[PDB]
Every structure is written in structure tokens, then in C-alpha cells.
Amino acid sequence: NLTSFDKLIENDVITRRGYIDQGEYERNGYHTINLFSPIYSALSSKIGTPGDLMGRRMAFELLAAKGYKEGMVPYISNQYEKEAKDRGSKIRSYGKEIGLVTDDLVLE
Amino acid sequence: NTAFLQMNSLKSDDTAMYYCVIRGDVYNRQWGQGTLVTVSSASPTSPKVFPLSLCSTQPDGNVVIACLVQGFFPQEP
Amino acid sequence: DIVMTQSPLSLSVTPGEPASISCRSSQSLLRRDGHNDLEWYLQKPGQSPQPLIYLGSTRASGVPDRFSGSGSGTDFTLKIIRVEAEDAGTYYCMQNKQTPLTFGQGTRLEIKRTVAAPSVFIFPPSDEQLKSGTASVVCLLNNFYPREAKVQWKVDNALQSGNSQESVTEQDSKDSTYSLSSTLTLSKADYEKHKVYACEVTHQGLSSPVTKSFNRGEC
């Protein structure tokens, strides 16, 4: 399917140059993001956690697109968690109910 | 207001939950608590109190902590 | 002298179910006060059986209708009109006048509750006990109805016996569900021989036994 450039974003491809790893990038890990290694993937989770590498990459891309106050911080601050909880997406963790904010919600 | 029970030549089979009880009376029939007699030459040994902790993951809404004691000879309270 | 006997020995009865027990007499029923020798009893947790109906033909005051002391003469009749979760225990009939106090064979009562799945809370052995040359793995089971269960102390998937056993409480006051605890006793020489320590308990409530394992040196 990867016949041209525009399909690279569609199929969520990541270059091997700096991310040689074939396993998993475990959460709560000291993972940096390479500068010259392209990440053509616009991958976002339909559930409310984006992961580490995609998380950092999307946060920096958002900081590029929009300022620090709006963008980046809304991407990772649970700022919309109150509004997400109001819209629904209720969840219980550690014995207490709490809202859940999802990638599509912060994008909207 | 006391009664006597005499035990001699003790043996391991003599260890029992001894009960003095009051009978033959309609005015007094309160049930006595008895006594614990354990027959063994071993001296009483202080328990080895080991404060076990839940090193593994705790329950979702509760914290479980256990107290372990071992190496105590007498079983009385 | 006046031998008291009971035919039933153990039974499981749900609450609100009528249960009847009869005790017989082998000698004269004469007492110190002249009443019948028999005295009914019910075992209670944390103590001895408590008297229910003494004098035989006289129903003791303060005893509810559940326990019937209508038995008179050589034969006696005791009932349990309704069963309570706290009425579990063994029932004694005995003579209290002469020297050889003859108790009945006893009928232990267990309360019939629904099967429940116990929870598992394992505890790694403390390093302080390891300094004593012994070890103790604690595998906890809680609030399950079926007391009948078997515990396997598989050390590196190898069951050991004769040193490690189980401990099970009695029926709880709140819900009459037993709780099980087993401890693995191993010497330091055997402790260093073995790396992974596992607790296996086969229980009817458990669909499959639940086992938690600790690698040596976790603490």
C-alpha cells in the first residue's frame, strides 16, 4: 500500500534509523525523540492514552502548531478531563471514579 | 467458697480443657470457664514476631497487612 | 452411671429448618434434687457448650422455643424449631448427679451457606526469619464457605509434606464463611536450594487453584 509519500502517514510508518527497537516502548520509560529520524505516523489512540513516543512527538508537533498555553499543555494536562467527564467517558481507577480524556477529544 | 482438684504424676495425655462445674443445685447453674492445663517439659517460649508486609501489589481499594508470629510454645491465650 | 447417648453426630442444616434430637437414659433419672439427670448443651465458638435444658422434664427459663425440653422419663426429646447462623455447634446430653458424668455422643451442627470463591493475598517471607535459618511463605484465603479444601506447598513446582500445613478458621459471625491460611516451613539449607516458592490450594469454590510465586531474594 505504501506506493507514495502521502500513504506513509496513512499507514503509520516509523523509520528504523533511531528507533531500531522491535519490541515495545514501555510506559514510564526514559525515551527521547530523535531529531533527524522521521515519524510519518499521525497515530492516536481512540482510547484516552497516547503512549510515550507518539505522545512526545505529538506534544512537540502541537507546540509547533499552537502556543504553549493552548496546545501541548491541553494535550497532556488532564485540562479537558472535567469536560471529558461531563461529556461522559467515566472510568474508575484506584477505587475512585474519574474522567477520561481521549486523543480525539483533545483534537476536537 | 473453693473446691480442690489435685493432679499428680503428670503426663502428656493429661493435657486437657479442665472444667470444674457446679451441679445438683437449682439456685446456681452458671457455666464455668474452666482452665487450660498443658503438660510438657518445654519451657514457655516467646513468639518470634515477624511483621510481614504486602511487598506485592495491594488490593485496588484496600491495603492488606499481616502479622506473623512463630516459635511460641504455650497455646493459652 | 446414667449413660446418655445421642444417635446423630454431624449434620448441615439451613436456617429456619426444624431439627430434632433424642437422648435416652440407661439408669434411673434421679438427681440430687430429684429431677431428671439430663442436661442439654450447645457448643459455641470460643468457649465450651452451654447448658440448654436441665432437670430433663423442666424447661429452663430464658430458653427460646427453638430448643424444646419436653423430654421426660428415660427418653427425651429436643428440637431446633429454627436454626440460626450462630447456633452451629455440638449438642450434649449428660447426667449431673452421680460420679460418672456420661455425656452424649454429640451432634455437631454446621450452617449451610452458598459456595464462595476465596481471595488470595500472598506474603513474601521476611528477611528477619531468613536470619533465623527458617522460612515462612504465607498464602492467604478468606471468607469461603466450603471448608473442605486441600493445600499443596509446591516448592519449585514440587509438593512437600510433613513440615508445612494449613490453618482454617471457623464459620464467621458476619457470613459464616471459613478462611484458610497455610505456611511453608523450610530450613535455610533447603531455602537456598530452591528459588521459586509457590502456594497451591485446591478448593471447590475455586474453579482452578490460584498460585502466587516468589523468586528467592525478593525481600
# chains A, B, ... in the order shown; residues from 1 in each chain; ligands from 1

call {"tool": "closest_atom_pairs", "arguments": {"of": "chain B", "to": "chain A", "cutoff": "10 Å", "atoms": "only C-alpha atoms", "output": "CSV"}}
result
residue,atom,partner,partner_atom,distance
B:59,CA,A:94,CA,9.0
B:60,CA,A:94,CA,5.4
B:61,CA,A:95,CA,4.9
B:62,CA,A:95,CA,8.6

call {"tool": "interface_residues", "arguments": {"of": "chain C", "to": "chain B", "cutoff": "6 Å", "atoms": "only C-alpha atoms", "output": "number ranges by chain"}}
result
C: 32, 123, 126

call {"tool": "residues_around", "arguments": {"residues": "residue 177 of chain C", "least_positions_apart": "6", "cutoff": "7 Å", "atoms": "only C-alpha atoms", "output": "number ranges by chain"}}
result
C: 143-145, 171

call {"tool": "write_last_selection", "arguments": {"atoms": "N, CA, C and O atoms", "output": "CSV table (one decimal), in the first residue's frame"}}
result
chain,number,residue,atom,x,y,z
C,143,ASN,N,-12.8,-15.8,53.6
C,143,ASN,CA,-14.3,-15.8,53.5
C,143,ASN,C,-14.8,-16.7,52.4
C,143,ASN,O,-15.5,-16.2,51.5
C,144,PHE,N,-14.5,-18.0,52.5
C,144,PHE,CA,-15.1,-19.0,51.6
C,144,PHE,C,-15.9,-20.0,52.4
C,144,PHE,O,-15.6,-20.3,53.6
C,145,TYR,N,-17.1,-20.4,51.8
C,145,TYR,CA,-17.9,-21.3,52.6
C,145,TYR,C,-17.3,-22.7,52.7
C,145,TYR,O,-17.3,-23.3,53.8
C,171,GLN,N,-16.5,-20.8,61.1
C,171,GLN,CA,-17.5,-20.0,60.4
C,171,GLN,C,-17.5,-18.6,61.0
C,171,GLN,O,-17.5,-18.4,62.2

call {"tool": "select_by_dssp", "arguments": {"residues": "segment 7-77 of chain B", "states": "strand (DSSP E or B)", "output": "PyMOL selection string"}}
result
chain B and resi 16-18+35-37+48-50+68-70

call {"tool": "residues_around", "arguments": {"residues": "segment 44-53 of chain C", "least_positions_apart": "6", "cutoff": "6 Å", "atoms": "only C-alpha atoms", "output": "compact mmCIF listing (two decimals) with C-alpha atoms, in the first residue's frame"}}
result
# COMPACT_ATOMS: atom_id res chain seq x y z
CA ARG C 59 -37.73 -26.32 80.53
CA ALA C 60 -35.05 -23.88 81.66
CA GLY C 69 -37.20 -29.53 76.80
CA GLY C 89 -22.06 -26.46 67.38

call {"tool": "atom_distance", "arguments": {"atom1": "atom CA of residue 35 of chain B", "atom2": "atom CA of residue 75 of chain B"}}
result
12.5 Å

call {"tool": "select_by_dssp", "arguments": {"residues": "chain A", "states": "alpha helix (DSSP H)", "output": "PyMOL selection string"}}
result
chain A and resi 5-11+53-65+81-87+103-107

call {"tool": "atom_distance", "arguments": {"atom1": "atom CA of residue 5 of chain B", "atom2": "atom CA of residue 2 of chain C"}}
result
23.5 Å

call {"tool": "atom_distance", "arguments": {"atom1": "atom CA of residue 193 of chain C", "atom2": "atom CA of residue 71 of chain B"}}
result
23.3 Å

call {"tool": "closest_residue", "arguments": {"among": "C:125, C:200, C:153, C:181", "to": "residue 215 of chain C", "atoms": "only C-alpha atoms"}}
result
C:125

call {"tool": "residues_around", "arguments": {"residues": "segment 93-104 of chain C", "least_positions_apart": "5", "cutoff": "6 Å", "atoms": "only C-alpha atoms", "output": "PyMOL selection string"}}
result
chain C and resi 1+3-6+31-32+37-40

call {"tool": "write_last_selection", "arguments": {"atoms": "N, CA, C and O atoms", "output": "CSV table (one decimal), in the first residue's frame"}}
result
chain,number,residue,atom,x,y,z
C,1,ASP,N,-22.7,-43.3,85.4
C,1,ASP,CA,-23.6,-44.4,85.7
C,1,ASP,C,-24.8,-44.3,84.7
C,1,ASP,O,-25.1,-45.2,84.0
C,3,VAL,N,-26.1,-43.5,81.7
C,3,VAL,CA,-25.5,-43.3,80.4
C,3,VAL,C,-26.4,-42.5,79.5
C,3,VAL,O,-27.5,-42.9,79.3
C,4,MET,N,-25.9,-41.4,79.0
C,4,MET,CA,-26.6,-40.6,78.0
C,4,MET,C,-26.0,-40.8,76.6
C,4,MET,O,-24.7,-40.8,76.4
C,5,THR,N,-26.8,-41.1,75.6
C,5,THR,CA,-26.4,-41.4,74.3
C,5,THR,C,-27.1,-40.5,73.2
C,5,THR,O,-28.3,-40.2,73.5
C,6,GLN,N,-26.5,-40.2,72.1
C,6,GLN,CA,-27.1,-39.5,71.0
C,6,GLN,C,-26.7,-40.2,69.7
C,6,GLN,O,-25.6,-40.5,69.4
C,31,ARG,N,-31.8,-37.3,90.5
C,31,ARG,CA,-30.8,-36.3,90.7
C,31,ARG,C,-30.6,-36.0,92.2
C,31,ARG,O,-31.2,-36.6,93.0
C,32,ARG,N,-29.7,-35.1,92.5
C,32,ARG,CA,-29.6,-34.6,93.8
C,32,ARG,C,-30.8,-33.9,94.3
C,32,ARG,O,-31.3,-34.1,95.4
C,37,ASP,N,-31.9,-36.5,85.2
C,37,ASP,CA,-30.4,-36.3,85.1
C,37,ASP,C,-30.0,-35.5,83.9
C,37,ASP,O,-28.9,-34.8,83.9
C,38,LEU,N,-30.7,-35.5,82.8
C,38,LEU,CA,-30.3,-35.0,81.5
C,38,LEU,C,-30.2,-33.5,81.6
C,38,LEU,O,-31.0,-32.8,82.2
C,39,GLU,N,-29.1,-32.9,80.9
C,39,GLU,CA,-28.9,-31.5,80.7
C,39,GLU,C,-28.5,-31.3,79.3
C,39,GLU,O,-27.4,-31.8,78.9
C,40,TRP,N,-29.3,-30.6,78.5
C,40,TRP,CA,-29.0,-30.3,77.1
C,40,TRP,C,-27.9,-29.3,77.0
C,40,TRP,O,-27.7,-28.5,77.9

call {"tool": "residues_around", "arguments": {"residues": "segment 17-27 of chain A", "least_positions_apart": "5", "cutoff": "7 Å", "atoms": "only C-alpha atoms", "output": "ChimeraX atom specification"}}
result
/A:34,37,51-52
